[PDB]
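K.L.:
Would you mind keeping the following structure in view while I ask a few things?
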Amino acid sequence: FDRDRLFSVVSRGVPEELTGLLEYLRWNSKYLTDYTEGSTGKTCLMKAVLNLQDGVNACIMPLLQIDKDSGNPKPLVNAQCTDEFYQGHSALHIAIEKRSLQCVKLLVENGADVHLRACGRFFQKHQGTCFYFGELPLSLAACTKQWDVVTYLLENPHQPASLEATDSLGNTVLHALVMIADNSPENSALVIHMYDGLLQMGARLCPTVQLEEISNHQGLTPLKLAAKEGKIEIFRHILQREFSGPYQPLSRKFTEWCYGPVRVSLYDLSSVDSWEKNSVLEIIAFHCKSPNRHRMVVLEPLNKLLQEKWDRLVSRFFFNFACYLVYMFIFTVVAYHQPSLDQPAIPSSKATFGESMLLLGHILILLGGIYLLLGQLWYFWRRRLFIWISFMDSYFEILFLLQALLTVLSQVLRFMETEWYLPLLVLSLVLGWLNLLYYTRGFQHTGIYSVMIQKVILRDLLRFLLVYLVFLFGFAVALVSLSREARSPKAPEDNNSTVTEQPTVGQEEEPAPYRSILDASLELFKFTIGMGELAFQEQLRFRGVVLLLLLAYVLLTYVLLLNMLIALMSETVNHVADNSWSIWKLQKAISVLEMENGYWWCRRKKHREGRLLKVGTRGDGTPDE
């Protein structure tokens, strides 16, 4: 025909102009595309299915039969849209999207396929307007609760829907329902109960297929994916799953030796038996926190398991802290009792218990330092943290990398045998004694306390630093200009006195050389945390402007801004406090789970969980013994 003829006749939906269609494109025996859209592929059944018009698509038949004399009839009904946006898109998809019933019934009776991928640019996520749909009419049919067309798209006179099927990214109905599900409890409840009916007739019309056993292209089960995008509700459903029908082991919360007062909820710990893939904390942690990573530990197998594994095995962490604590004591006693001679690598201060004991402490201290380097290299090749271009997370990892770097440079320049090995040693000292608070992860009120200081310290570290270093650097330079004579480190000379003058060792120079106030400027920076006071010079109190000026900076900064960040980190205290429990159970589970995951080369124990419950409520019956 012509284009506006077909567009008009689907604008009306009047079959009286469809009356001449069969003969008018049967004498010519005309095909379908030679006519339909070159951009999309929208057929008459498509351009009439798009508009709903009371759900009654009447043109299921005439281009199917024009496409039967020209022979494209299931090709009439299953012309996937070749638009980029609407891609892979059939009319059964629209028939679901219009939420009607004639469209599904005489679209399927027009021969519509069921297993067909709709890999649409409209139909996948960006974080923008286009989001993932299901990409296959069963998948989005379940994702839209439409049990009439899930049921229908199974029960078709041509095709039962493949339950085990996958989709465009590998994202099956598991990944479609889960991935479309967010923390909206209407969305959550529909994507749980609708999914459960898909497992019910999903376990009745097509049983004998384990759908959750399927992993995606990334190798993630729906437990791994639902436990990967941070949906504690769905994973909670997965381990909450309990099918009261033939027969039993679909469930995950079993109740054997159970009782009215005394419930015993048996679990499975497939979360911890998932060794052929990643563990469950691994895949909550990767990808971490799509809304929330810390939330998912509090659920009963993960929390109770993370408790009992510590209290049964990993409360032996005090051996690790014991060896490390004795290590750091060795570091600080070799550093303390070092000889005051200028020449390093002395043969012996005295052939006695002292200097020989110091040689033992030296060989022990680098002999454990090489183990710290081995541990971080296992962390790096094996763990591949830190993140690519991201922030300093995690803090003590790169603090450990900087301590290890500075102490192997200490070993290098000590092997060069110059005196400067020692300030590096004091830096290694303050980063290890600093790193003692990583060993506070263990026990109860101090582990809760340790996660508290881990939280507020991990947040407010750089936040107070950008106040501190910048305000104090500005006003610091203001005090270096005022006042000190012999003000020539700069400009046309070496201004910086070749700052970081040590080649390939670091910031070892006289950097930022002052106006003959270098010692007075490290000394005023040492005054800047409130020590020394009140000198004047050849300004001689014409700098009363500088007096009131320091009253202005000390005014707005020293008191008037000092109360700000304490107060809003107390707002963090107003928010993070319950979240610090999630961070507590998590960091306990990282000390534990990472501890057994690293332990060179470890043992474990894998047997079915069971959780005692002493609660009181009625309810009798049995699972038929």
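Within each chain, counting starts at residue 1; across the structure tokens, chains are named A, B, ... in the order shown, with ligands numbered 1 upward in that order.
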Might you pull out every residue within 12 Å of residue 580 of chain A, with only C-alpha atoms counted and same-chain residues fewer than 4 positions away left off, and present them as a PyMOL selection string?

P.N.:
chain A and resi 294-295+298+447-456+458+572-576+584-588

K.L.:
Please provide as a PDB file with C-alpha atoms, in the first residue's frame all residues within 10 Å of residue 362 of chain A, with the sequence filter that same-chain residues fewer than 5 positions apart are discarded (counting only C-alpha atoms).

P.N.:
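Resulting contents of selection23.pdb:
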```pdb
ATOM      1  CA  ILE A 330      62.121  -5.872  68.834  1.00  0.00           C
ATOM      2  CA  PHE A 331      61.959  -2.931  66.404  1.00  0.00           C
ATOM      3  CA  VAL A 333      64.409  -1.897  71.357  1.00  0.00           C
ATOM      4  CA  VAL A 334      66.914  -2.169  68.508  1.00  0.00           C
ATOM      5  CA  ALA A 335      66.003   1.399  67.582  1.00  0.00           C
ATOM      6  CA  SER A 356      74.949  -9.851  70.129  1.00  0.00           C
ATOM      7  CA  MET A 357      71.344  -9.572  71.309  1.00  0.00           C
ATOM      8  CA  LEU A 367      63.505 -11.379  58.787  1.00  0.00           C
ATOM      9  CA  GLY A 368      59.938 -10.425  59.672  1.00  0.00           C
TER      10      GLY A 368
END
```

K.L.:
Once you count only C-alpha atoms, what closest atom pair and distance in Å to one decimal does each residue of segment 429-493 of chain A within 9 Å of segment 520-524 of chain A have, with rows by chain and rising residue number, as a Markdown table?

P.N.:
```
| residue | atom | partner | partner_atom | distance |
| --- | --- | --- | --- | --- |
| A:476 | CA | A:524 | CA | 7.5 |
| A:477 | CA | A:521 | CA | 8.8 |
| A:479 | CA | A:524 | CA | 7.9 |
| A:480 | CA | A:521 | CA | 6.4 |
| A:484 | CA | A:520 | CA | 8.6 |
```

K.L.:
Taking into account only C-alpha atoms, which residue in the set A:18, A:198, A:203, A:223 is nearest to residue 274 of chain A?

P.N.:
A:223

K.L.:
Applying 12 Å and only C-alpha atoms, which residues near residue 603 of chain A remain after dropping the ones on its own chain fewer than 6 positions away? List them as a PyMOL selection string.

P.N.:
chain A and resi 313-314+595-597

K.L.:
The selected residues should be written to file as a compact mmCIF listing (two decimals), in the first residue's frame (atoms: N, CA and C atoms).

P.N.:
```txt
# COMPACT_ATOMS: atom_id res chain seq x y z
N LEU A 313 37.63 -20.92 65.93
CA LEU A 313 38.97 -20.93 65.35
C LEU A 313 39.70 -19.62 65.52
N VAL A 314 39.08 -18.51 65.13
CA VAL A 314 39.84 -17.32 64.77
C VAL A 314 39.93 -16.41 65.99
N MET A 595 41.51 -13.84 57.19
CA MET A 595 42.55 -14.54 57.95
C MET A 595 42.64 -15.99 57.52
N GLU A 596 41.51 -16.68 57.45
CA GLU A 596 41.53 -18.05 56.96
C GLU A 596 41.77 -18.10 55.46
N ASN A 597 41.45 -17.03 54.75
CA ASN A 597 41.66 -17.02 53.31
C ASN A 597 43.12 -16.83 52.98
```

K.L.:
Which residue out of A:135, A:2, A:67, A:609 has the minimum interatomic distance to residue 110 of chain A when only C-alpha atoms are used?

P.N.:
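The shortest atom-to-atom distance to residue 110 of chain A comes from A:67.
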
K.L.:
Distance atom CA of residue 268 of chain A-atom CA of residue 252 of chain A, one decimal place?

P.N.:
6.1 Å

K.L.:
Report as a ChimeraX atom specification: the residues of segment 57-241 of chain A with a DSSP assignment of strand (DSSP E or B), based on the backbone of this structure.

P.N.:
/A:81-82,87-89

K.L.:
Contacts of segment 171-175 of chain A at 10 Å or less, counting only C-alpha atoms, minus same-chain residues fewer than 3 places along, as a ChimeraX atom specification?

P.N.:
/A:132,134-136,138-143,163-168,178-181,191,195,198,211-212,214-218,220-223,225-226

K.L.:
DSSP says alpha helix (DSSP H) for which residues of segment 340-516 of chain A? Put them as a PyMOL selection string?

P.N.:
chain A and resi 353-383+395-416+421-434+444-481

K.L.:
Nearest to residue 62 of chain A: which of A:151, A:85, A:419, A:20 is it, counting only C-alpha atoms?

P.N.:
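Smallest distance to residue 62 of chain A is found for A:20.
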
K.L.:
Rank nothing, just name the residue among A:194, A:199, A:517, A:608 nearest to residue 271 of chain A, using only C-alpha atoms.

P.N.:
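Under the stated criterion, the closest residue is A:608.
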
K.L.:
To one decimal place in Å, what is the distance between atom CA of residue 235 of chain A and atom CA of residue 276 of chain A?

P.N.:
19.3 Å

K.L.:
Under the rule that only C-alpha atoms are counted, which of A:288, A:127, A:30, A:162 is the nearest residue to residue 387 of chain A?

P.N.:
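The shortest atom-to-atom distance to residue 387 of chain A comes from A:288.
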